[PDB]
Amino acid sequence: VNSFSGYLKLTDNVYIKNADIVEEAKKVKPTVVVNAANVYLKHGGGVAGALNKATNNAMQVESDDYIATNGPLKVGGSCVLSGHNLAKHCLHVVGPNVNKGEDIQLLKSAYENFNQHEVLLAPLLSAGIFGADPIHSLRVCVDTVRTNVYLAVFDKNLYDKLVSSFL
Ligand SMILES: Cc1c[nH]c2ncnc(NCC3(O)CCCCC3)c12
Ligand SMILES: [Cl-]
């Protein structure tokens, strides 16, 4: 039993809700919140900008130190950093950016990072400002993630479509 509320069950381990991941984070304080990161951990907009703003830019400050030490992430890769006031940990995961010509096949690799954590609050990777179809992202998620994932989908019409077209 966990504290996630009002999620529609899609499969054994995947749950979905029309919600702002920032608000789900502020209310639940999960062990892991997933950020839809880019390779530079530049949290300017989208999920990343929203999470970072909610941390009063502390996420960006921590991220800049991480990059200065370690260099950029790989597309499809991840790192674990602090969750600040939102979660215990933030798993920064880089899905491919279709607008940059990045290989959509890397979306599966991106979702594989979730399997290192028993329970996560997450967005649909590569969707939104990253350019991919959220329907496709959801299918890759369901077919790749084996741990318990709670998805917050920001857009109501897209959520309804994600729900309606699933089975
Ligand atoms: C921008 C933003 C702020 N707070 C959020 N919480 C969740 N998702 C977000 N954007 C990505 C997505 O949900 C958009 C609809 C289709 C699936 C992907 C955001
Ligand atoms: Cl977005």
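Scope of the values below: all heavy atoms of this structure, side chains included, with no hydrogens, waters or symmetry mates. The chain is numbered in sequence order, starting from 1. All ligand and atom numbering here is 1-based and tracks the order in the structure.
- In this structure, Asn113 contributes its side chain and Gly76 its backbone to a donor-acceptor pair below 3.5 Å.
- At distances below 3.5 Å, not a single donor-acceptor pair connects side-chain atoms of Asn57 with backbone N or O atoms of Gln60.
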May I have a table of the N/O to N/O pairs between ligand 1 and the protein that fall below 3.5 Å, each row giving the two atom names and the distance to 0.1 Å?
from, atom 1, to, atom 2, distance (Å)
ligand 1, 4 (N), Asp20, OD1, 2.7
ligand 1, 6 (N), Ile21, N, 2.9
ligand 1, 13 (O), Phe154, N, 3.0

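- Residue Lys100 qualifies as enclosed at atom NZ: its count of foreign heavy atoms under 6.0 Å is above 12.
- Legend: residues meeting salt bridge (charged side-chain N to carboxylate O under 4.0 Å, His left out) with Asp64, ordered by chain and number and at least two apart, are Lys42.
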For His117 and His89, what are the C-alpha separation, side-chain angles and deciding distance, and is it a ring pair (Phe, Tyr, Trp, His ring centres under 6.0 Å)? CA-CA 11 Å; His117 303 277; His89 305 286; 7.5 Å; no
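- Although no hydrogens or angles enter the test, the distance criterion places no donor-acceptor pair under 3.5 Å between the side chain of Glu62 and the main chain of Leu81.
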